[PDB]
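So the protein sequences, as listed, match chains V, E, Z, P, X and A.
Quick note on numbering: the deposited numbering labels position 280 of the first sequence as 280, and the sequence is numbered without any gaps.
Quick note on numbering: the deposited numbering labels position 155 of the second sequence as 155, and the sequence is numbered without any gaps.
Quick note on numbering: the deposited numbering labels position 240 of the third sequence as 240, and the sequence is numbered without any gaps.
Quick note on numbering: the deposited numbering labels position 221 of the fourth sequence as 221, and the sequence is numbered without any gaps.
Quick note on numbering: the deposited numbering labels position 134 of the fifth sequence as 134, and the sequence is numbered without any gaps.
Quick note on numbering: the deposited numbering labels position 49 of the sixth sequence as 49, and the sequence is numbered without any gaps.
Some notes on the structure that comes next.
There are 6 protein chains.
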Amino acid sequence: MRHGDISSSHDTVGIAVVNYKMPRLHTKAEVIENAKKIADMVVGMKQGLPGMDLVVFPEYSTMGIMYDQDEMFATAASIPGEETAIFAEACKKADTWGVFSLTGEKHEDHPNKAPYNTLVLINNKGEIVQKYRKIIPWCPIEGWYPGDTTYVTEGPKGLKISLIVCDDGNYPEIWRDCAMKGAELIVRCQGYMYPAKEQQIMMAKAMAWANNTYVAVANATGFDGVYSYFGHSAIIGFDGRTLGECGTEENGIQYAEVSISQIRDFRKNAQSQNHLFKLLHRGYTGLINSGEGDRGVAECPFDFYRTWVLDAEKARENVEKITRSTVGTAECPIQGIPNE
Amino acid sequence: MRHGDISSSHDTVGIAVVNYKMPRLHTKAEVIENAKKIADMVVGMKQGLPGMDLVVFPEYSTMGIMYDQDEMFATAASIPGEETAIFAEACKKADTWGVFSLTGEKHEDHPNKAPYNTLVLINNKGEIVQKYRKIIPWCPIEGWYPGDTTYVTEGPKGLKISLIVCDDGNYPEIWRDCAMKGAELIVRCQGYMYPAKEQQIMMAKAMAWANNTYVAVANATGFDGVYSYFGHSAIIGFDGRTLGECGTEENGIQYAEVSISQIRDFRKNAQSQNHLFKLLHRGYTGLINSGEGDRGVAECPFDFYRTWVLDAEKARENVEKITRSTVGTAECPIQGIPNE
Amino acid sequence: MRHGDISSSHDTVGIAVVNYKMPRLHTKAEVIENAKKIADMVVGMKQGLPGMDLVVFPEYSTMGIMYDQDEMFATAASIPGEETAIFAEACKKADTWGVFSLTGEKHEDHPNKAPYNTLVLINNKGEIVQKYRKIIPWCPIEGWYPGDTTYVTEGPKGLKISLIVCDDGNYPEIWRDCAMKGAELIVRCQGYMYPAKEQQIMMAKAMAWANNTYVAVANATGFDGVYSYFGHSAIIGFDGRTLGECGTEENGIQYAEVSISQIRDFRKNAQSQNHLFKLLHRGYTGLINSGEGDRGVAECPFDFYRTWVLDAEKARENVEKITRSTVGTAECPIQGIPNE
Amino acid sequence: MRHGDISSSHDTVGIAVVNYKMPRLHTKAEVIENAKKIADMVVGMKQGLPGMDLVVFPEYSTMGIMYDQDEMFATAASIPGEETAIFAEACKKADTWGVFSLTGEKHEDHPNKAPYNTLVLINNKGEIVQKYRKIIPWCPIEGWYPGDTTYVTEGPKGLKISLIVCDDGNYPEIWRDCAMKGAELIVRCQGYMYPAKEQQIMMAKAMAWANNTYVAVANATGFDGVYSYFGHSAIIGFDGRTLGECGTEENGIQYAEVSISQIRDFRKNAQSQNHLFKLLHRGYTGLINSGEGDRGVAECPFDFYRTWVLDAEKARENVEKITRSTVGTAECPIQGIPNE
Amino acid sequence: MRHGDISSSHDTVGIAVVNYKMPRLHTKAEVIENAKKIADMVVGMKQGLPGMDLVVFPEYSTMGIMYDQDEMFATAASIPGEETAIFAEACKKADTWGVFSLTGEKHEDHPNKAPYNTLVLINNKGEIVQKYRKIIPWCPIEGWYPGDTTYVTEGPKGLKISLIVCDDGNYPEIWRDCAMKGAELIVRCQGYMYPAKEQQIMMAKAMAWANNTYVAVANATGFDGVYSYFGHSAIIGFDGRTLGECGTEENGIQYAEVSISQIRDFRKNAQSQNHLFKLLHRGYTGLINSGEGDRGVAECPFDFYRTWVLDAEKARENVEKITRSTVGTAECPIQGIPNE
Amino acid sequence: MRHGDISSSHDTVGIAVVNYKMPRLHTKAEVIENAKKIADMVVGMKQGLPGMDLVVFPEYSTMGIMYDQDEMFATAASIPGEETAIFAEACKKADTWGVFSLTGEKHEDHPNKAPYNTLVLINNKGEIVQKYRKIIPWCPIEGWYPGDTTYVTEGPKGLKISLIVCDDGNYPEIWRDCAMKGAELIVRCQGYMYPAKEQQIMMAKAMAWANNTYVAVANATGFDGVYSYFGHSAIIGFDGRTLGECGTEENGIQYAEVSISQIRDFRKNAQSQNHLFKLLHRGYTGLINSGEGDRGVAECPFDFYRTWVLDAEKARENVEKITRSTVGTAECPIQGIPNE
């Protein structure tokens, strides 16, 4: 957990994040050409950052956002496929792990159902070792089919990694889910468009803190014909302090070393802010002093989670009362989104 | 949701938060004397802030922290009791609602079990309308008996209010639970000691954003013989932007107007960042476009919450593997906290 | 007055501001081509921001700065004209109002007098509803003919709008003049070159506060052969707090919702910081308590404004004593600017 | 215009500002005792800051705020009087100029009309050389009789000084009026209570910039039974950059050196941001190039100022349409302030 | 190197720094009484921070600044002496190391020469293990006799510690000297008075970076009759990033864990920003590639240091040409400091 | 020392710094073409900044970084040479001094030894008046031959200038060496790649303060195939306060006026923070009061500098004990850098 050098040691994973300029593409050939530009970038970056063990690119960095539905279906990727092979070759040549984005990934029922929005973690031998599908697409605008699962994978130097995508990170539940599965680094890849710049910078830091986890964010930059993306790719320590952060600049890079021993030492020995531990051992001091054993209280005291798990339809009905009953609003209608 | 004036309107709730200097007390008589100082402060503040509808004091602002166990038991409050009556009279005289702290509140089995750490919301007629007991005491140091329930109460001008305490706010689950019960303002009262100043400032803002809720924080200040408290009492908008924030100064005050219509308009009409709505209607656009109905997906996709709700002991066992198995650590032992 | 979403409601005007990359143009054909790029950008942005009701482009975003005098005269626009028709079509297609820049607009005595530096507000039906000519050109460098009038126009959802340009905003008088005419949003369009980046960021916020008015700023970006423009387009609340702000990035966008009801509620009910009201009712409490009626004092107590209005030549003579008597300085001479 | 040292030179005026802790006083004897504490503080500060030429205390630093009307009248000061003599002796002993606050100063018709809220500038020989009465009392709460005049006085080393008070500084007109009278330093003394902390910090800087003037702010601190005062006393350069700024701490001090030659050199030779010059020579380049002489345009183009000067009652009527017609609001009533 | 918890581990040294309120004392009895208050504070802090291994108090925290020469001599301490014994007992009772200030420490020729300004490092067994005398007193105001030596001492858990005082830290040479002796933590104790608040915050961070060293700063707070002290006690990582920082509040505390293994791993394996290594192996890559061996260049290329070491009188003469020849200036005279 | 205007006076040097976009070049013809682009930029900037007296471009702005060894040797420049003549013509035409980068400059033994990394200062008559070779190349990556000398040159309006390059600025010794030679402005030209953005921003400010010197930084921007450069070109006052600073934007420019009289007045009359003076007159007050003469102590008290000057090999051996013995590390090997 230290910032400023280009090296890494047996204790540290050298992580690079990329403010990748958002592509404006339309065809499979264009996507392939851009995939090879990403590959060239990985290999060049390694020449400058000899400590690099993990390189992270934004959501949409391969395809851009395929606004046209026909182009969306025509450019939807197979995984593994040609794009991933191109990335895998760069990971091998540069002896680094990498996180890349396929938007979309063909649905099982392609082309009759919406593609997934997908991340892969590729190891330094070119093997895909995690494939994550976005659980919370950025509706209403995003039409991707939602995924349903988080994963944890042993990463470079044994650092445990989970992937999440963009809108996912607004929801503290996903970060919690990953950390509770044992994640030591949560990688948030995004094409996060303005307006919500400051909110997203703050969210990543707050989630690093709340879940005692390293966080790396790669966010797109530039204007793509529709959105302007605000960058601020970052690596953040498990104590909630930014290691390094980019500005809004096209193809900015940040690089930091995250210590394997430090996070494990903290998770073992931290007390007042060992949030993962404390959530499942509430009021331990009080119970000890009250003659009630030495483990605190594990039981979930929050009705929302009990209801959501038991009766998701009831939780949905409850939230519609507080918000609205239809996915769209007649005050700001969107074609294909019902309202009223 | 606006800041800078001392007024309030039929649309806005005028909220004041107090950087109350942490008392260093030892006896019931001293606690009573300090309760009357708080009462005098409420009445004086109202003279300067004619818009004030809600005034918020820090956790521990009534008793301070009773480090001595005998003094802790001797000063534990009844609710309702003498302290609350003193506060209630000030709320009536100043025609304001108030949030006050009783640390401790007598356990049902007093003095044979640890007291609770408790907040009350008192209305402008002097009636206690919410009583909240801290669900996550700040272990290891805090020996309070943990509470088990969150509440929502109709507040001034119909603004829906939930109370939480200090360490509670590190855990996104509690903020979620309150907002999903319909809370429009979450009031976090704290005696939040250094070190974790910047982390706590960031958490409140991030939670305001994540849960589309107004947030008010009152935090103690000064040195009490053991801890120094970092202040930064604040009122924050539902869009994650600070309204007003104090520094670390003793008896600082902030004051802001929170609009009832604005939060309700947002919760109805916001789309891309309507987090409460979107969490229970995931990927609605994708499902519509895939011919699968117009509600998105409600089901909880996060195994941690499913496991915690179904089998809290399993969730506890899982987290002990990632952290440690005993509440204490032999590397930093604490008397009365078992380890090793 | 809220930030982070892409929606808007019947209560809120969705405002987008654009960090438009400064063009480097030389011919009428090039200007037309760039006008169509702006039009394409408006239509694309609306696809991503369905709440958008108003889109704002920087001063000079259509022509760039025509440094060459011959090119300046050759590219000076008619209003209405071809450029405005191109913009009007985009406003109609995207169902949004827009603010666009014509630099220059032909003088009545074209080509024998300097063109104006002009903004138009175009409604969602493609109609020009305000035309503003820069009252304070950025002399010495800017050679535009000064305008003489501010305007207020009913805008989207009835939001009252005034336009001002770049250097204008350094002078608190213009913001005052607009707000006192009833403006609820002041739109500052600029091609504000470095050096004065931080000063301009601060000015917009301070003027929002001082005049209890929403402020939107669109500023150019990039290097154009002569100047580098610092971006930081922004939308600011009437309470002086930034809603959203861009960085220095080319073609950054910000977007915020400004509430019609909130500003009107504030202007009615705010007291201590109701600056528009208080300026014309000074010391009302004192006069009441002194038996002198209940309106305070309206009379202007500032000799500078009395003198400027009555005897502008005297005010000019007075200021020349404090500064210098000639428009140029021999210590930093500029061709065509007399000194010495 | 430089910060960090305790010295001053023949070119620089050493200015100290004081975050003076707000007194809570009730009697004339208490006021006198506090005046002598201020005097002792002046003499001590000079021992530590040998460059000090000017020392500035907050509005209300002598009396505190006399909330009780009877006490207000009983403690209203004569000027010159006992309090000013006490201050004058300290200025002589410490060989410094000083700015002090008398709240109230007896009205000409004392005790039958409200006192003034007054500042004095005392020179190093103990002579009162400026007496300023607050033109914009902070209504509704403040009941002081409004003053009607700004002043400029030759200060230490010939630095030209104007005094303004607290609420005055929210109104850009007063800063303009002082600078146009030739002020080189505007001293804003305040007892500026929370909420509006960030807005006031920003205002002082923005006004320094807009009027090309040094600014010194002394603001009170602490809680006085009614308000908490936010400090942030500051000295700011004529280029809008803070020299030094205090936090919210009780009895904080800042100290900076302001160069006489620098401001005079700037006012002579600055061009693009010579705001005082440019306001009265608008569009000079354009007029030259259009064959219309070399002075630009002086005439006031802002109808608000023309109307206010000619017909203040009309300006008042106009603003009441935009705000409200009565000084009070029935939505937030205040005893003695009419509404409805 | 992590922040937020109250614990520490076998790998981390738990460091607390104290914003100690500056005493205003006059007699030996008063100094002793205050020393016991510091002792009580150490023991209380340990109850709240069970990880604490090192506690740091400001320069002057024991005596305050003895402005009166007679009182200065009467209160000058012996080391070891009564004050240090009081501190030593607290270190033993709280099982912590501590850094304390003796101002003054009796000169060898007391009372005929000025006392030293001195820090002691006391271990958890109550033994004084380092005594440092300020090498750069804060002249002209400070009249302490200058010390001449820096030290490095094995500290808690083997962390190597050097002490420096206040004004010392403005001079990069002292930080370099300590780090090159092997220091892993440089402790800067200060009574750093306003004006130079922001400069001092920045210096500590910059020196942490430049010397790849942990830095802890304890600074005084409050007003002492002459100066106001700006606090901002801090612990900073060897990568230049703040761990935790106080504000200006009286008796603020910060606490952070500094990893022994992290700094040693960095000093071994860092490359591009291994400043200690690189300074003595300049251009190693270039020399290798030029066929000139594999060590780079060690020789000092800076004439100033060569001259200062060889001919300090020449270096002094050189600097007097750039500045002034006498220690005082007639433009800002100070009694006892010659000028002219 | 003032910021915001485009003018300059007889007292001020108008300094422009350029966030020049990093070139990606391969051939001599490409370098020449880019040199002419820089020349065109100088002439254009002068049209917009009539006060400009000095223009500063980043290290590598002429060649980019020649990663290919063959291309490095093929494009190594003669000085004076074709590139410098191109720059000299622009300086003459625009009547400005300029700082330009030649990377590499041919070694005396070209092409058999590594080129130098070189800056030239060219006056307004096109004459090269300083040539500086980087003393601390950014090893391990940079293979330039190290230079050995700093210089001071009389610059525009007599302002004394020293040049340093990029990695040089991490080492406080070089800034000290320049200031002690009489430098009034230190110009740091850099191609400073991410990661170390915040550290470099802080270093420049801290060095301005520590050495009481103006500082100008020009840093590259953009991605060049290997590194992304973080911009933040800046001009900083001798009191450590930023005048103007760029963001990370490609071809950003900042411009500020630095006063000749202000720095000379400060160096003469400053006392408490006259660091250049005080370093060579330590404890003057103490020695005076102790009867030991009126000059303080000049002797160097820091063993590191004494050892480095006398026995550089010993200093190297000492530092290898604290860090590592070989220039490379087997934990992060780099081809051509020995380790193990």
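The beta-carbon is built from N, C-alpha and C at its ideal position, and this holds for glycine as well.
Chain-order list of residues whose beta-carbon lies under 6 angstroms from that of residue i (same chain, five-residue window excluded)
| i | result |
| --- | --- |
| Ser-228 of chain Z | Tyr-194 |
| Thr-103 of chain P | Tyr-60, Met-63, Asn-117 |
| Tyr-284 of chain X | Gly-296 |
| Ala-77 of chain E | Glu-83, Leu-102, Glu-105 |
Residue i: contacting residues in chain P (beta-carbon distance under 8 angstroms)
| i | result |
| --- | --- |
| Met-203 of chain A | Neighbours of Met-203 of chain A on chain P: none; closest Cβ ~18 angstroms, over 8 angstroms. |
Buried/exposed call for residue i, threshold 16 Cβ in 10 Å
| i | result |
| --- | --- |
| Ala-85 of chain P | exposed |
| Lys-205 of chain V | buried |
| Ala-256 of chain V | buried |
| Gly-286 of chain A | buried |
| residue 367 of chain V | Nothing can be reported for residue 367 of chain V: it is not among the residues displayed for chain V, which extend from 1 to 340. |
Same chain, Cβ closer than 7 angstroms to residue i, neighbours up to 5 away in sequence not counted
| i | result |
| --- | --- |
| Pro-80 of chain X | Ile-128 |
| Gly-143 of chain A | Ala-114 |
| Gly-237 of chain X | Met-1, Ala-208, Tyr-214, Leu-243 |
| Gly-231 of chain X | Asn-19, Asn-219, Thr-221, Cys-246, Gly-247, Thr-248, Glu-249, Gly-252 |
Sequence-distant residues of its chain with Cβ nearer than 8 angstroms to residue i (five each side left out)
| i | result |
| --- | --- |
| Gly-98 of chain A | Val-42, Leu-54, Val-55, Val-56, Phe-57, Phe-87, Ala-90, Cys-91, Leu-121, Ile-122 |
| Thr-27 of chain X | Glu-71, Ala-74, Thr-75 |
| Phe-304 of chain P | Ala-315 |
Proximal chain Z residues relative to residue i, where beta-carbon distance stays under 9 angstroms
| i | result |
| --- | --- |
| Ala-312 of chain P | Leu-280, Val-297, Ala-298, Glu-299, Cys-300 |
Contacts of residue i in chain Z (Cβ-Cβ under 7 angstroms)
| i | result |
| --- | --- |
| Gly-182 of chain P | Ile-322 |
| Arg-133 of chain P | Ordered by position in chain Z, no residue passes the 7 angstroms Cβ test against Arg-133 of chain P, which lies about 10 angstroms from the chain. |
| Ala-256 of chain A | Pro-195 |
Expected contact under 8 angstroms - CB spacing of residue i and residue j to nearest Å
| i | j | result |
| --- | --- | --- |
| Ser-162 of chain X | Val-17 of chain X | Not a contact, Cβ separation roughly 16 angstroms. |
Within chain X, the residues that residue i reaches when beta carbons sit closer than 8 angstroms
| i | result |
| --- | --- |
| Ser-261 of chain A | Under the 8 angstroms cutoff, chain X gives no residues; its nearest Cβ is about 14 angstroms from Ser-261 of chain A. |
Interface partners of residue i on chain V, CB under 7 angstroms
| i | result |
| --- | --- |
| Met-1 of chain Z | Simply none; closest approach about 14 angstroms. |
Residues that residue i contacts on chain E, provided the C-beta gap is smaller than 8 angstroms
| i | result |
| --- | --- |
| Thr-326 of chain P | Chain E residues near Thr-326 of chain P: none, gap ~14 angstroms exceeds 8 angstroms. |
Going residue by residue through the stretch 256–286 of chain P, where are the continuous alpha helix (DSSP H) segments of at least 4 residues, counting only ones entirely within it?
260–269, 275–279
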